[PDB]
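Asks: Below is one structure. I have some questions about it.
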RNA sequence: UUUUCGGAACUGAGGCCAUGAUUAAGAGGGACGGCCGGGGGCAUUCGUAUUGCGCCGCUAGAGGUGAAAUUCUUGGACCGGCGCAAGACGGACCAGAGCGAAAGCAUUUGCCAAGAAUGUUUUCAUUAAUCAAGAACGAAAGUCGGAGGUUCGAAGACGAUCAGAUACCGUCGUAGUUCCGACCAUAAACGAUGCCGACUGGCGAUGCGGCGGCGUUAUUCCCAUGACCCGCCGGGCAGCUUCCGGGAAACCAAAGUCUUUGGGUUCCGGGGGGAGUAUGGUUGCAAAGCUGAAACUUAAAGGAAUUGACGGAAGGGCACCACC
RNA sequence: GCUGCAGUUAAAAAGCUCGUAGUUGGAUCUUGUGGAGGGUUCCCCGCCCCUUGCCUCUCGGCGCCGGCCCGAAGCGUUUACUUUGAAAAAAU
């Protein structure tokens, strides 16, 4: 279930058994790489990149036509972002909450919701820092939020 | 159940049980020792004292009788207890301002029967038992 | 249950009408389709639940309107599986 | 969650047997569950079973008879030392004439009657009768 | 003197490695799409009523109760008509419906940020569950400082009722009720039912999303779409049904899967009183909150259910020892 | 009350949520054949690639006819667990 909501749901994607499908695909491994690199230039990030490939081209997943994935492809260039998009999107969000709180100070509901998203940063960070994908000196703060968002 | 059953949860079990044992009624008298301190006995089976004065106690309802007790102060703690006299007419075999030997009732701190406030009885009046006085195996030495 | 259940082998398509992860072997129920709308003669391939506008490079350049479900088509033309 | 896979499996087969079902569906498959059910089949408490394959964790389907009565899990997994064995074997079995507490040893997974003949203790898993 | 051997360190380029990446959870996180809701904050619109005031008209009583009275009244009340002001408040629509972590939340429109469910052949690759310490929110009443003050109203003053009546009832009325800024942490804060996970009957509805369809209807004949009809898949509030099983019973598809006793984990209980008292600590401006004994006393206290009796309870029926 | 208790109404779930320690934590990385001991396949040597993983060797024995073969020497990433030894005063 959800980590700070009561709900219990399902919407999880389900892949097929066969992974060599649909067997007519235009383009092959090398071609897919240059197709990806173009997209990352334009400001797209690995989740967006795979969508824009899957929807309008014969690719189902880049996992099923190469031995890599979207992130590893970007990493081989050195064109991968400096911190996970996951971590970024939490930090990106929490600044807007803090803005609304400065503009309106009687919004106790907002004050509550910030505590949830705040704690969710720290938990996520405690995955990364043990896996050495961040500096072990790095810590989340009000100040670091300001600098990383702008 | 409703409790942890890990293989490394020895501490959380052995500290919990050591705490919830204090709520037990029996344990809480035994281990605080306030029982002993409050008792007119030191925790000895008997005790010895000197008679102060005869009294009579009127029994709790529905029974009506006069139960012919004594009141005695003790040697070994200098404090006073109201003590039953058993059998019939053994009030007469007790004479004031002599020593006696007391003993608990047989219900360990709680009044027995229809008589209230009396948790003690009497066994010897002058090294001669109430049994032997009553039966006639011995006689009061005057 | 009637206690006559067969779980070794699936039901003809009453197995294939349940939620997609309660099937004996999981599968998506989404599919692709090879579309060629009038005036831009090229075999475009599009996902059924596209989520986004799909373009063509000819005179036509609009093909979908995003929907939560299957996206609406701007002109009702072309459906393929295709293949698998 | 599902912190004990074996514990969730057996409760299904317990519930199912009571109703009288002779086909069930158990998930997720694990190799540990396979060798468990192998021992339970040899003695003859259950019949042949089919492992459906996915690319996730599998699912299993079983053919069973009314012969089974109760298979349990023991959590956490205690050690046994072949004199502790007898103390166990009293508690989990209704009789001295039947029932098999199961366990795992360095000589593999087996029943207790067999483990005593290998002369090796190990970690206990469950039981049945 | 010199190599060799041996030991060690550091530097380049090249052969040889199926030359190296487990799967992607009916675990979680994150992106994306279309929606949804009395969810929250700020701003703004509106309605009627109530009280008071101004103006106009009509004349003798008006309020109120079981019955009365206090009280109001020819400068005319009450009532009718017309206009004005203030503060409060969103009826009927509004339901075994929705949203919210809980406390809670219903006039319009705009703005600000937020969230669930569903859809997904996208992304990450175990990032989880429950939780000492510690933290956020937390009705009503109350306290402090300002603003405001209709309505209702503890306190208080009267009028009745009653032997008495410091009460029920009637009239008047302060604190408060309202808002702004600080505190206070408690409730039958009740589903008197921890949270997370798995398995095990039936049926019909209802709210939200998605999917399919012979049918009708609304507009340009349409398509796009809405309304209704029929069925399916998720997750949500509930109901009905019974020899699943449980329970002391009442009852409960969970309070089930339990002497055939062991899925994960926190909090908490040990006869009734003495007592949430004594005492010290800690928190608070105050009011008080949290933590929290013992001496001594007693053989019952309590739960569910059944039979009686009783009722200034309800429904039938009867008598000149009851009435008319 | 670990084995082995209870928490709707009998005594009893913090108002509610967050959260560090603690506790607990998904799947995933090997099976068949002759001889020997026991059945009619199945549980000390070996074989398909592996089989107590290797070498490197050199010093002190065993061999066979200078030359060659195989025991002892480093060890298989670490623990728990389990099994065997050593080691333990008497009295009880």
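Going from the start of the chain as shown, residues are counted 1 onward.
Header lists the method as electron microscopy, 3.5 Å.
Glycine is no exception: its Cβ is also placed from the backbone N, Cα and C atoms.
Among the features that Swiss-Prot reports, ubiquitin cross-link is placed at A:26. According to Swiss-Prot, the feature SUMO2 cross-link maps to A:42, an assignment based on similarity to another entry. Annotation source Swiss-Prot lists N6-acetyllysine at A:26, citing similarity to another entry. Residues or ranges marked as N6-succinyllysine by Swiss-Prot on the basis of similarity to another entry: A:26, A:33. The phosphoserine annotation in Swiss-Prot covers A:29. Marked as phosphotyrosine by Swiss-Prot on the basis of similarity to another entry: A:37.
Could you tell me the structural context for the features on the list?
Replies: Residue A:26 (ubiquitin cross-link) carries neither a helix nor a strand DSSP state and counts as coil.
Listed in sequence order, the same-chain residues six or more apart from residue A:42 (SUMO2 cross-link) with CB atoms under 8 A from its CB number zero; the list is none.
Sequence-distant neighbours of residue A:26 (ubiquitin cross-link): residues of the same chain at least 6 apart with a C-beta under 8 Å from its C-beta are A:57, A:58.
For residue A:29 (phosphoserine), the same-chain residues that are 6 or more apart in sequence and have a Cβ closer than 8 Å to its Cβ are A:65, A:66.
For residue A:33 (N6-succinyllysine), applying a Cβ distance below 8 Å and a minimum sequence separation of six or more within one chain yields A:66, A:73.
DSSP assigns residue A:37 (phosphotyrosine) to a helical segment in the three-state reduction.
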Asks: Measuring CB to CB from residue A:37 (phosphotyrosine), give everything in the same chain under 8 Å that is also at least six residues away in sequence.
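Replies: Same-chain residues close to residue A:37 (phosphotyrosine) (Cβ under 8 Å, separated by 6 or more) are A:73, A:74, A:77, A:79.
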